[PDB]
Amino acid sequence: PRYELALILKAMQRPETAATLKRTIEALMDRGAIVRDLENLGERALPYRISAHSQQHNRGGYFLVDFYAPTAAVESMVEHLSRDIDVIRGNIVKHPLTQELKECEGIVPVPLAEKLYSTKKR
Amino acid sequence: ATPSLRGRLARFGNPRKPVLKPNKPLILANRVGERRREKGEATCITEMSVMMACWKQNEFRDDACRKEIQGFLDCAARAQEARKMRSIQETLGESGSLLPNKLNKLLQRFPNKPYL
Amino acid sequence: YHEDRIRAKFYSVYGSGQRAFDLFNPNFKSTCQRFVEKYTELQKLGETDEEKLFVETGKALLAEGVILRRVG
Amino acid sequence: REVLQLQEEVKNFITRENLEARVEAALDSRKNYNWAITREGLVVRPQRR
Amino acid sequence: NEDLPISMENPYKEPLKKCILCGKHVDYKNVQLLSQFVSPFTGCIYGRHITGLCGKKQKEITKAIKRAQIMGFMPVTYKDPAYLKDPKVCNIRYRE
Amino acid sequence: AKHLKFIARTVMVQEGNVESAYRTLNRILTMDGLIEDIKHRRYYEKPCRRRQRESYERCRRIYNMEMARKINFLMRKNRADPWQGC
Amino acid sequence: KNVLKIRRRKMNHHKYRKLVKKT
Amino acid sequence: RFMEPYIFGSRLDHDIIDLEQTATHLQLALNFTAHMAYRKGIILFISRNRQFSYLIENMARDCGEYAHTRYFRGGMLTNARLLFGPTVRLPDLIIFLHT
Amino acid sequence: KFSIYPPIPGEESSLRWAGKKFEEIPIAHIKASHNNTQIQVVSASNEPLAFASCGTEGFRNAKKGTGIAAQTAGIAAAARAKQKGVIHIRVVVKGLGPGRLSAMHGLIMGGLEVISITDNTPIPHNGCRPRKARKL
Amino acid sequence: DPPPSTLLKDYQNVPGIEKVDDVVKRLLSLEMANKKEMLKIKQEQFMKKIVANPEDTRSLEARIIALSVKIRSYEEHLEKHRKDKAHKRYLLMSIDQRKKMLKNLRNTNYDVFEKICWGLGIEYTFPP
RNA sequence: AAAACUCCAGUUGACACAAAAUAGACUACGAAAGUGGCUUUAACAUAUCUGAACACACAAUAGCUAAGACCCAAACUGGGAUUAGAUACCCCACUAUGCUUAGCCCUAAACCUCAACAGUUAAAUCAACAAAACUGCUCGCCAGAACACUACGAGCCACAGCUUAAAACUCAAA
Ligand SMILES: [Mg+2]
Ligand SMILES: [Mg+2]
Ligand SMILES: [Mg+2]
Ligand SMILES: [Mg+2]
Ligand SMILES: [Mg+2]
Ligand SMILES: [Mg+2]
Ligand SMILES: [Mg+2]
Ligand SMILES: [Mg+2]
Ligand SMILES: [Mg+2]
Ligand SMILES: [Mg+2]
Ligand SMILES: [Zn+2]
């Protein structure tokens, strides 16, 4: 099946991030994962001070790696990502385009659900 | 908007766990409950505090802290007249809400008939 | 009835007529009744497409002497 | 039709010789998956600021 | 004779109201859409009656919100200050 | 404590209006459900009592909404005496 | 109201437990 | 519930009373009320309705009959021996304009 | 005009108070509990400047969780802050209790100015297990 | 054990196979797929080898094959995950249902019964 | 009000092997018990029904052993206030326990007390409440009570127990 990867790095502009992306692509190709495309979300700002490997990070970027990984290499990829130092965090999430958009008609006013008690004068 | 009440009560046609478990039967009455009033206020304390502070700082004479004590007296009189006008208005005047008497009268005018 | 569907289509396209509905006159012919009568007399000829029927009904209403207030 | 579409789409992938150019094009490009909505249901993208 | 009513498909039926996010795609990467459904002060998720969506729609919305908060794409206890000048959709009553 | 500082639950004061801002903050906290949540978590609540209290709150809210809708529907006939005697 | 039998059974069980704890 | 054979159909959540059997029941109603006054009978109009309480009282007054559009006491038509006098001729026909 | 939201530290922050912005304003933390409250004024560079509570005056036992004691503690803290030059403060409320606004009123009456009322109640998200429910 | 690349059911009776390259063959296989695909492939192979016509889905033989596939899957999940009570109960119930269906088949048709017993290898034991 | 700690209290920089606000105005999954922080994998049976105490498999939490951590809550414990007496209702610190691995008798108000499979109410109409009342097939129970969630017997990885289950005596009862 298809999966995604929200890769989070530190602040290195070009060389170190390119090297980490090269290492990730090599690991994916060695673990039997066909890399499709790559989406760059740009260097943004972290919503909170993260405490990953050793140092505290407060200014990192985001990357998206699209690939087709089998159902036996996900744990190995997670271990390889956790073993990295320049990688803050990264969860392997399946691709959202697999689940198609289900059709709907909206809401509907539910009537008064009667027929719950007896009809005695009491 | 009122929420749904389909699969809430434990009935014969509900093969699931009961969501809502009321103690009284869900049958609306024709009376409005009495509103709450006269609670613990304990207001107007900063004037007394500053008066005690002025009395403790200098001497315990009356001409030393005249401003603080006259402000405390004015605040106490204002609180008293405010309580008086509140007790006067809360017996015939309705602001925002309505009087429970007219409410229960209107409910008795159009009562509920659950027994069909 | 079918005139109910015709009036539904008329209210969906145009809307409320400029004349006030007088519920006291038994023979009160409003804009909806005239539209239904025109649609019926045009269907009695021999047309199937609803768009052509609607256009012909609008032309007949504009020719009989009334202003069609449509929401464009 | 689906397998023909898949065959036409698979022509643009990443293997072994397309790595440096691909990472350069990725670093030299940005994408924005953020878009707002209104009360009427229209899609408004913040890229018009 | 011919003036008798016929039980048809019940005319005078207005089309059912859709939703503000029915013909769209709910994803966790979208931060603006996930932040427009949260309080700008305490960062609380509004109820079902405040937003005005269905069951599956609100479920996907809150799941995407939680995924973005866990993975690291949107604050939890507060709202991003750069997403404040946006068209309000939820029904509020405070501030005044 | 890893998030930002003065952003969450932050108001402003306009020309010394410190009581209005405090009342606004209190209303926001009561609408978001935080003071009641703290008062509930002040003591450990058992899951049985938790479910019972939740069901009680839900049924009371439903009854209050029904009564409010009935009052809003019946307020249209809150007139005087159009027919004297009779 | 309707718990007298349950209280009697509880008292009997308590007496049985006391007898078991004794000897 | 007891209003199915007396209603033709529904026109936008509005019950339409059929006039086919309505005229048949009205002819039998007017025939039963005509022979009552023709054979020296008492007709009482009881209709607790404040909206039309003035028109009913004047119709029974000009025709020499009786009306009762006010508050109906408890033991009136039943315990008529302790609410008026010794013996009171009970009306053999009572018309209800508003049930 | 006048946005209730706080200014961002990012671009141009257009609010000035005594020649200073908003991030360089000293903080006045208040920890109001169910029976005692403490008021400490800390500068922007995280340096203690003043500290006044109910226990550092003369109140003992349950007399610390009152409005008068909290007001006196706030007045004392405001005076100790004015003795060194603070003027502008940022009140931080921590926890609930009777003396929740009395400390703020005392800090205001002491001679200080409050421009932002903040509160960071440590509400646990199903965190630690509290004590058992007492039998009243 | 089917090979990792053997074109599953959804991509089997489709024209154009020799013209397909390698990446599409590797993606449309059993490596980047789901275990349900392998189970369906095993069921189809069993229905093509053992019984004759595989089009009859509502027949008893197809139900027996499906229950056997489910039993094998539950046994694999149990030998892979030890502490699993719900899956063990489901496996026992599936075994009981398969045994009851085999009993019914033997009572109504012994030929296909013994054919299935020879094919799948299982033997209907008489309950004591 | 004690009593407890004065290596205590306060903002800040550095930190988890339990629990997962706001989505909870949702009725969802699962045979039931039970289950709502995120990510990945396997997966939730049966194209007539019922059907075990002559069987099999699960089953809230409470109790044990063999290996460890231990903020917090808390059986027991010791101290501190009132009462003629308080081993409890109020407070302080802690153990067994709530956690991870494997093995035990399987305990409940296991209460939605309503056995499962299907249907109905203008033919059928209920002592009274509760959740209005009935048609076809099938398993276990009842017919006064305490005695007795009781000894023995029959089976148990359990040796203060679990499953099944009486006799003796009293009364006009409950
Ligand atoms: Mg009750
Ligand atoms: Mg855990
Ligand atoms: Mg069976
Ligand atoms: Mg311990
Ligand atoms: Mg502790
Ligand atoms: Mg157990
Ligand atoms: Mg239960
Ligand atoms: Mg039972
Ligand atoms: Mg049964
Ligand atoms: Mg048992
Ligand atoms: Zn929708």
# chains A, B, ... in the order shown; residues from 1 in each chain; ligands from 1
$ residues_near_ligand --ligand "ligand 2" --cutoff "9 Å" --atoms "only C-alpha atoms (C1' of nucleotides) and all ligand atoms" --output "PyMOL selection string"
chain K and resi 17-19+99-100
$ residues_near_ligand --ligand "ligand 9" --cutoff "8 Å" --atoms "only C-alpha atoms (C1' of nucleotides) and all ligand atoms" --output "PyMOL selection string"
chain K and resi 51+115-116+139
$ residues_near_ligand --ligand "ligand 8" --cutoff "12 Å" --atoms "only C-alpha atoms (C1' of nucleotides) and all ligand atoms" --output "number ranges by chain"
K: 108-115
$ interface_residues --of "chain E" --to "chain D" --cutoff "10 Å" --atoms "only C-alpha atoms" --output "list in words"
residues 18, 19, 20, 21, 22, 23, 24, 27, 28, 29, 30, 31, 32, 33, 34, 35, 36, 86, 87, 88, 89 and 90 of chain E
$ residues_near_ligand --ligand "ligand 11" --cutoff "12 Å" --atoms "only C-alpha atoms (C1' of nucleotides) and all ligand atoms" --output "PDB file with N, CA and C atoms, in the first residue's frame"
ATOM      1  N   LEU A 101     -13.833   9.871  -0.750  1.00  0.00           N
ATOM      2  CA  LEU A 101     -14.778  10.717  -0.032  1.00  0.00           C
ATOM      3  C   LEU A 101     -16.175  10.114  -0.108  1.00  0.00           C
ATOM      4  N   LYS A 102     -16.727   9.748   1.047  1.00  0.00           N
ATOM      5  CA  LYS A 102     -18.057   9.162   1.100  1.00  0.00           C
ATOM      6  C   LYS A 102     -19.120  10.234   0.901  1.00  0.00           C
ATOM      7  N   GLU A 103     -20.160   9.888   0.147  1.00  0.00           N
ATOM      8  CA  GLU A 103     -21.246  10.819  -0.116  1.00  0.00           C
ATOM      9  C   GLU A 103     -22.152  10.944   1.104  1.00  0.00           C
ATOM     10  N   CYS A 104     -22.787  12.106   1.230  1.00  0.00           N
ATOM     11  CA  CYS A 104     -23.681  12.374   2.345  1.00  0.00           C
ATOM     12  C   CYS A 104     -24.783  13.316   1.883  1.00  0.00           C
ATOM     13  N   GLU A 105     -25.882  13.323   2.636  1.00  0.00           N
ATOM     14  CA  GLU A 105     -27.030  14.164   2.334  1.00  0.00           C
ATOM     15  C   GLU A 105     -27.248  15.266   3.361  1.00  0.00           C
ATOM     16  N   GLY A 106     -26.456  15.303   4.425  1.00  0.00           N
ATOM     17  CA  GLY A 106     -26.591  16.315   5.448  1.00  0.00           C
ATOM     18  C   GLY A 106     -27.269  15.798   6.700  1.00  0.00           C
ATOM     19  N   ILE A 107     -27.790  16.743   7.480  1.00  0.00           N
ATOM     20  CA  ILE A 107     -28.478  16.422   8.725  1.00  0.00           C
ATOM     21  C   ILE A 107     -29.974  16.325   8.465  1.00  0.00           C
ATOM     22  N   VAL A 108     -30.724  15.871   9.465  1.00  0.00           N
ATOM     23  CA  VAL A 108     -32.172  15.724   9.350  1.00  0.00           C
ATOM     24  C   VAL A 108     -32.795  15.904  10.730  1.00  0.00           C
TER      25      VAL A 108
ATOM     26  N   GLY D  41     -19.978  27.772   2.274  1.00  0.00           N
ATOM     27  CA  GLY D  41     -19.388  26.575   1.716  1.00  0.00           C
ATOM     28  C   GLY D  41     -18.336  26.797   0.653  1.00  0.00           C
TER      29      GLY D  41
ATOM     30  N   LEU E  16     -32.556  18.751   0.570  1.00  0.00           N
ATOM     31  CA  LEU E  16     -31.972  18.677   1.903  1.00  0.00           C
ATOM     32  C   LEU E  16     -30.708  19.523   1.982  1.00  0.00           C
ATOM     33  N   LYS E  17     -30.523  20.181   3.124  1.00  0.00           N
ATOM     34  CA  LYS E  17     -29.364  21.042   3.317  1.00  0.00           C
ATOM     35  C   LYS E  17     -28.094  20.207   3.414  1.00  0.00           C
ATOM     36  N   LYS E  18     -27.051  20.640   2.706  1.00  0.00           N
ATOM     37  CA  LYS E  18     -25.774  19.938   2.721  1.00  0.00           C
ATOM     38  C   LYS E  18     -24.966  20.315   3.955  1.00  0.00           C
ATOM     39  N   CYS E  19     -23.653  20.454   3.796  1.00  0.00           N
ATOM     40  CA  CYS E  19     -22.774  20.825   4.894  1.00  0.00           C
ATOM     41  C   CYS E  19     -21.715  21.790   4.384  1.00  0.00           C
ATOM     42  N   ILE E  20     -21.058  22.469   5.328  1.00  0.00           N
ATOM     43  CA  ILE E  20     -19.998  23.408   4.982  1.00  0.00           C
ATOM     44  C   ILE E  20     -18.709  22.715   4.574  1.00  0.00           C
ATOM     45  N   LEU E  21     -18.603  21.409   4.801  1.00  0.00           N
ATOM     46  CA  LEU E  21     -17.401  20.661   4.450  1.00  0.00           C
ATOM     47  C   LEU E  21     -17.796  19.257   3.998  1.00  0.00           C
ATOM     48  N   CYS E  22     -18.802  19.172   3.128  1.00  0.00           N
ATOM     49  CA  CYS E  22     -19.282  17.885   2.639  1.00  0.00           C
ATOM     50  C   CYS E  22     -18.577  17.451   1.360  1.00  0.00           C
ATOM     51  N   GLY E  23     -18.318  18.384   0.448  1.00  0.00           N
ATOM     52  CA  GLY E  23     -17.657  18.057  -0.799  1.00  0.00           C
ATOM     53  C   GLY E  23     -16.179  18.387  -0.798  1.00  0.00           C
ATOM     54  N   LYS E  24     -15.542  18.269   0.361  1.00  0.00           N
ATOM     55  CA  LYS E  24     -14.122  18.549   0.524  1.00  0.00           C
ATOM     56  C   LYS E  24     -13.424  17.327   1.113  1.00  0.00           C
ATOM     57  N   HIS E  25     -12.116  17.458   1.321  1.00  0.00           N
ATOM     58  CA  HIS E  25     -11.288  16.390   1.862  1.00  0.00           C
ATOM     59  C   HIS E  25     -10.680  16.849   3.180  1.00  0.00           C
ATOM     60  N   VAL E  26     -10.864  16.048   4.224  1.00  0.00           N
ATOM     61  CA  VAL E  26     -10.349  16.364   5.551  1.00  0.00           C
ATOM     62  C   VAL E  26      -8.991  15.697   5.718  1.00  0.00           C
ATOM     63  N   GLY E  52     -21.940  22.574  13.481  1.00  0.00           N
ATOM     64  CA  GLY E  52     -23.060  22.316  12.597  1.00  0.00           C
ATOM     65  C   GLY E  52     -22.740  21.335  11.489  1.00  0.00           C
ATOM     66  N   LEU E  53     -22.097  20.227  11.837  1.00  0.00           N
ATOM     67  CA  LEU E  53     -21.731  19.183  10.890  1.00  0.00           C
ATOM     68  C   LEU E  53     -22.411  17.875  11.283  1.00  0.00           C
ATOM     69  N   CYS E  54     -22.173  16.840  10.482  1.00  0.00           N
ATOM     70  CA  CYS E  54     -22.750  15.528  10.723  1.00  0.00           C
ATOM     71  C   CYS E  54     -21.860  14.744  11.688  1.00  0.00           C
ATOM     72  N   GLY E  55     -22.080  13.434  11.768  1.00  0.00           N
ATOM     73  CA  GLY E  55     -21.302  12.590  12.653  1.00  0.00           C
ATOM     74  C   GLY E  55     -19.931  12.253  12.105  1.00  0.00           C
ATOM     75  N   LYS E  56     -19.894  11.687  10.895  1.00  0.00           N
ATOM     76  CA  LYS E  56     -18.618  11.304  10.297  1.00  0.00           C
ATOM     77  C   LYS E  56     -17.755  12.524  10.000  1.00  0.00           C
ATOM     78  N   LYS E  57     -18.378  13.636   9.602  1.00  0.00           N
ATOM     79  CA  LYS E  57     -17.617  14.849   9.318  1.00  0.00           C
ATOM     80  C   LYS E  57     -16.918  15.364  10.571  1.00  0.00           C
ATOM     81  N   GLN E  58     -17.665  15.507  11.669  1.00  0.00           N
ATOM     82  CA  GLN E  58     -17.066  15.959  12.920  1.00  0.00           C
ATOM     83  C   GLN E  58     -16.045  14.957  13.444  1.00  0.00           C
ATOM     84  N   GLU E  60     -14.080  12.942  11.598  1.00  0.00           N
ATOM     85  CA  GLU E  60     -12.863  13.143  10.819  1.00  0.00           C
ATOM     86  C   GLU E  60     -12.173  14.445  11.204  1.00  0.00           C
TER      87      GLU E  60
END
$ residues_near_ligand --ligand "ligand 1" --cutoff "12 Å" --atoms "only C-alpha atoms (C1' of nucleotides) and all ligand atoms" --output "PyMOL selection string"
(chain B and resi 21-25) or (chain F and resi 52+56) or (chain K and resi 130)
$ write_last_selection --atoms "N, CA and C atoms (P, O5', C5', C4', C3', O3' and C1' of nucleotides)" --output "PDB file, in the first residue's frame"
ATOM      1  N   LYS B  21     -30.211   7.237  31.980  1.00  0.00           N
ATOM      2  CA  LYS B  21     -30.850   6.481  33.057  1.00  0.00           C
ATOM      3  C   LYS B  21     -31.482   7.466  34.032  1.00  0.00           C
ATOM      4  N   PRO B  22     -32.646   8.013  33.694  1.00  0.00           N
ATOM      5  CA  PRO B  22     -33.296   8.975  34.586  1.00  0.00           C
ATOM      6  C   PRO B  22     -34.006   8.291  35.743  1.00  0.00           C
ATOM      7  N   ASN B  23     -34.136   9.036  36.841  1.00  0.00           N
ATOM      8  CA  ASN B  23     -34.832   8.514  38.012  1.00  0.00           C
ATOM      9  C   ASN B  23     -36.335   8.741  37.915  1.00  0.00           C
ATOM     10  N   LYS B  24     -36.750   9.877  37.350  1.00  0.00           N
ATOM     11  CA  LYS B  24     -38.143  10.239  37.155  1.00  0.00           C
ATOM     12  C   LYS B  24     -38.549  10.037  35.700  1.00  0.00           C
ATOM     13  N   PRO B  25     -39.818   9.721  35.440  1.00  0.00           N
ATOM     14  CA  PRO B  25     -40.256   9.536  34.051  1.00  0.00           C
ATOM     15  C   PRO B  25     -40.186  10.839  33.270  1.00  0.00           C
TER      16      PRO B  25
ATOM     17  N   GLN F  52     -23.345   8.332  36.263  1.00  0.00           N
ATOM     18  CA  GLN F  52     -24.620   8.785  36.814  1.00  0.00           C
ATOM     19  C   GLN F  52     -24.759  10.298  36.714  1.00  0.00           C
ATOM     20  N   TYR F  56     -27.410  12.429  34.499  1.00  0.00           N
ATOM     21  CA  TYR F  56     -28.248  13.425  35.157  1.00  0.00           C
ATOM     22  C   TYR F  56     -28.131  14.780  34.470  1.00  0.00           C
TER      23      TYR F  56
ATOM     24  P     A K 130     -44.564   4.026  36.946  1.00  0.00           P
ATOM     25  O5'   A K 130     -43.407   3.041  36.467  1.00  0.00           O
ATOM     26  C5'   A K 130     -42.188   2.937  37.188  1.00  0.00           C
ATOM     27  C4'   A K 130     -41.420   1.701  36.796  1.00  0.00           C
ATOM     28  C3'   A K 130     -41.129   1.545  35.310  1.00  0.00           C
ATOM     29  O3'   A K 130     -40.006   2.294  34.884  1.00  0.00           O
ATOM     30  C1'   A K 130     -41.997  -0.481  36.150  1.00  0.00           C
TER      31        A K 130
END
$ atom_distance --atom1 "CA of residue 21 in chain G" --atom2 "CA of residue 8 in chain G"
19.8 Å
$ residues_around --residues "residue 146 in chain K" --least-positions-apart "5" --cutoff "12 Å" --atoms "only C-alpha atoms (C1' of nucleotides)" --output "number ranges by chain"
G: 5, 8-9, 12; K: 169-171, 173-174
$ write_last_selection --atoms "C-alpha atoms (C1' of nucleotides)" --output "PDB file, in the first residue's frame"
ATOM      1  CA  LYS G   5     -33.933 -10.487  52.923  1.00  0.00           C
ATOM      2  CA  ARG G   8     -30.559 -11.190  56.595  1.00  0.00           C
ATOM      3  CA  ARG G   9     -28.418 -13.027  54.034  1.00  0.00           C
ATOM      4  CA  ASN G  12     -25.831 -14.963  57.884  1.00  0.00           C
TER       5      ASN G  12
ATOM      6  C1'   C K 169     -37.286 -28.116  65.403  1.00  0.00           C
ATOM      7  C1'   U K 170     -41.203 -23.796  65.527  1.00  0.00           C
ATOM      8  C1'   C K 171     -45.522 -20.870  63.607  1.00  0.00           C
ATOM      9  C1'   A K 173     -46.911 -17.049  58.403  1.00  0.00           C
ATOM     10  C1'   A K 174     -43.862 -13.886  54.637  1.00  0.00           C
TER      11        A K 174
END
$ residues_around --residues "residue 33 in chain K" --least-positions-apart "4" --cutoff "10 Å" --atoms "only C-alpha atoms (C1' of nucleotides)" --output "PyMOL selection string"
chain K and resi 58-60+110
$ write_last_selection --atoms "C-alpha atoms (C1' of nucleotides)" --output "PDB file, in the first residue's frame"
ATOM      1  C1'   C K  58     -13.944 -16.637  27.417  1.00  0.00           C
ATOM      2  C1'   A K  59     -15.445 -13.753  31.344  1.00  0.00           C
ATOM      3  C1'   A K  60     -15.369  -6.128  35.634  1.00  0.00           C
ATOM      4  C1'   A K 110     -22.615 -10.182  35.826  1.00  0.00           C
TER       5        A K 110
END
$ residues_near_ligand --ligand "ligand 3" --cutoff "12 Å" --atoms "only C-alpha atoms (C1' of nucleotides) and all ligand atoms" --output "list in words"
residues 93, 96, 97 and 100 of chain J; 46, 48, 49, 50, 51, 52, 116, 117, 138 and 139 of chain K
$ residues_around --residues "residue 151 in chain K" --least-positions-apart "5" --cutoff "12 Å" --atoms "only C-alpha atoms (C1' of nucleotides)" --output "NGL selection string"
:K and (165-167)
$ residues_around --residues "range 19-33 of chain I" --least-positions-apart "3" --cutoff "7 Å" --atoms "only C-alpha atoms (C1' of nucleotides)" --output "VMD selection string"
chain I and resid 15 to 16 36 to 44 88 to 97 99 to 100
$ residues_near_ligand --ligand "ligand 4" --cutoff "10 Å" --atoms "only C-alpha atoms (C1' of nucleotides) and all ligand atoms" --output "ChimeraX atom specification"
/K:70,74,94-98
$ select_by_dssp --residues "range 15-104 of chain B" --states "alpha helix (DSSP H)" --output "number ranges by chain"
B: 46-57, 66-89, 100-104
$ residues_around --residues "residue 5 in chain D" --least-positions-apart "5" --cutoff "12 Å" --atoms "only C-alpha atoms (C1' of nucleotides)" --output "PyMOL selection string"
(chain D and resi 10-11) or (chain J and resi 24)
$ atom_distance --atom1 "CA of residue 19 in chain H" --atom2 "CA of residue 4 in chain H"
13.9 Å
$ residues_near_ligand --ligand "ligand 10" --cutoff "10 Å" --atoms "only C-alpha atoms (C1' of nucleotides) and all ligand atoms" --output "ChimeraX atom specification"
/K:53,106-107,162-163
$ write_last_selection --atoms "N, CA and C atoms (P, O5', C5', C4', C3', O3' and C1' of nucleotides)" --output "PDB file, in the first residue's frame"
ATOM      1  P     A K  53     -23.455 -26.234  31.386  1.00  0.00           P
ATOM      2  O5'   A K  53     -23.952 -27.345  32.415  1.00  0.00           O
ATOM      3  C5'   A K  53     -23.028 -28.220  33.054  1.00  0.00           C
ATOM      4  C4'   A K  53     -23.711 -29.143  34.036  1.00  0.00           C
ATOM      5  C3'   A K  53     -25.100 -29.630  33.626  1.00  0.00           C
ATOM      6  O3'   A K  53     -25.288 -30.971  34.077  1.00  0.00           O
ATOM      7  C1'   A K  53     -25.239 -28.486  35.690  1.00  0.00           C
ATOM      8  P     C K 106     -12.931 -22.958  37.889  1.00  0.00           P
ATOM      9  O5'   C K 106     -13.812 -21.631  37.890  1.00  0.00           O
ATOM     10  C5'   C K 106     -14.848 -21.437  38.848  1.00  0.00           C
ATOM     11  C4'   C K 106     -14.933 -19.997  39.287  1.00  0.00           C
ATOM     12  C3'   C K 106     -15.750 -19.085  38.373  1.00  0.00           C
ATOM     13  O3'   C K 106     -16.370 -18.065  39.153  1.00  0.00           O
ATOM     14  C1'   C K 106     -13.519 -18.314  38.459  1.00  0.00           C
ATOM     15  P     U K 107     -17.913 -18.197  39.585  1.00  0.00           P
ATOM     16  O5'   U K 107     -18.069 -17.134  40.761  1.00  0.00           O
ATOM     17  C5'   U K 107     -17.431 -17.336  42.013  1.00  0.00           C
ATOM     18  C4'   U K 107     -16.992 -16.031  42.628  1.00  0.00           C
ATOM     19  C3'   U K 107     -18.063 -14.962  42.762  1.00  0.00           C
ATOM     20  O3'   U K 107     -18.909 -15.156  43.881  1.00  0.00           O
ATOM     21  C1'   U K 107     -16.105 -14.000  41.859  1.00  0.00           C
ATOM     22  P     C K 162     -17.363 -20.284  48.775  1.00  0.00           P
ATOM     23  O5'   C K 162     -17.268 -20.679  47.235  1.00  0.00           O
ATOM     24  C5'   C K 162     -16.913 -19.716  46.254  1.00  0.00           C
ATOM     25  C4'   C K 162     -16.535 -20.371  44.949  1.00  0.00           C
ATOM     26  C3'   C K 162     -17.595 -21.265  44.326  1.00  0.00           C
ATOM     27  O3'   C K 162     -18.573 -20.537  43.604  1.00  0.00           O
ATOM     28  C1'   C K 162     -15.516 -22.388  44.316  1.00  0.00           C
ATOM     29  P     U K 163     -20.129 -20.902  43.761  1.00  0.00           P
ATOM     30  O5'   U K 163     -20.288 -22.262  42.947  1.00  0.00           O
ATOM     31  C5'   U K 163     -20.155 -22.285  41.534  1.00  0.00           C
ATOM     32  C4'   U K 163     -20.583 -23.614  40.966  1.00  0.00           C
ATOM     33  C3'   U K 163     -21.795 -24.254  41.624  1.00  0.00           C
ATOM     34  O3'   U K 163     -23.022 -23.725  41.151  1.00  0.00           O
ATOM     35  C1'   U K 163     -20.085 -25.868  41.389  1.00  0.00           C
TER      36        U K 163
END
$ decode --residues "range 75-83 of chain H" --atoms "N, CA, C and O atoms" --output "PDB file, in the first residue's frame"
ATOM      1  N   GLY H  75     -72.040  18.731  39.153  1.00  0.00           N
ATOM      2  CA  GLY H  75     -73.266  17.958  39.148  1.00  0.00           C
ATOM      3  C   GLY H  75     -74.473  18.746  38.687  1.00  0.00           C
ATOM      4  O   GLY H  75     -75.402  18.983  39.465  1.00  0.00           O
ATOM      5  N   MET H  76     -74.477  19.156  37.419  1.00  0.00           N
ATOM      6  CA  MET H  76     -75.588  19.939  36.866  1.00  0.00           C
ATOM      7  C   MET H  76     -76.596  19.022  36.178  1.00  0.00           C
ATOM      8  O   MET H  76     -77.708  18.822  36.676  1.00  0.00           O
ATOM      9  N   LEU H  77     -76.214  18.462  35.028  1.00  0.00           N
ATOM     10  CA  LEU H  77     -77.118  17.592  34.286  1.00  0.00           C
ATOM     11  C   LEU H  77     -77.336  16.253  34.976  1.00  0.00           C
ATOM     12  O   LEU H  77     -78.361  15.607  34.737  1.00  0.00           O
ATOM     13  N   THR H  78     -76.402  15.822  35.823  1.00  0.00           N
ATOM     14  CA  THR H  78     -76.532  14.552  36.530  1.00  0.00           C
ATOM     15  C   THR H  78     -77.308  14.718  37.835  1.00  0.00           C
ATOM     16  O   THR H  78     -78.388  14.144  38.001  1.00  0.00           O
ATOM     17  N   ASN H  79     -76.766  15.502  38.767  1.00  0.00           N
ATOM     18  CA  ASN H  79     -77.421  15.745  40.053  1.00  0.00           C
ATOM     19  C   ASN H  79     -78.239  17.034  39.969  1.00  0.00           C
ATOM     20  O   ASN H  79     -77.920  18.065  40.565  1.00  0.00           O
ATOM     21  N   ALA H  80     -79.322  16.955  39.201  1.00  0.00           N
ATOM     22  CA  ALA H  80     -80.209  18.090  38.984  1.00  0.00           C
ATOM     23  C   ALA H  80     -81.272  18.233  40.065  1.00  0.00           C
ATOM     24  O   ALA H  80     -82.074  19.170  40.003  1.00  0.00           O
ATOM     25  N   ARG H  81     -81.299  17.336  41.049  1.00  0.00           N
ATOM     26  CA  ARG H  81     -82.286  17.395  42.118  1.00  0.00           C
ATOM     27  C   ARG H  81     -81.820  18.208  43.319  1.00  0.00           C
ATOM     28  O   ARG H  81     -82.645  18.545  44.175  1.00  0.00           O
ATOM     29  N   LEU H  82     -80.530  18.532  43.403  1.00  0.00           N
ATOM     30  CA  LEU H  82     -79.992  19.316  44.510  1.00  0.00           C
ATOM     31  C   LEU H  82     -79.343  20.613  44.044  1.00  0.00           C
ATOM     32  O   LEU H  82     -78.713  21.302  44.855  1.00  0.00           O
ATOM     33  N   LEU H  83     -79.477  20.964  42.765  1.00  0.00           N
ATOM     34  CA  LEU H  83     -78.894  22.184  42.228  1.00  0.00           C
ATOM     35  C   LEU H  83     -79.928  23.208  41.783  1.00  0.00           C
ATOM     36  O   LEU H  83     -79.557  24.354  41.504  1.00  0.00           O
TER      37      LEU H  83
END
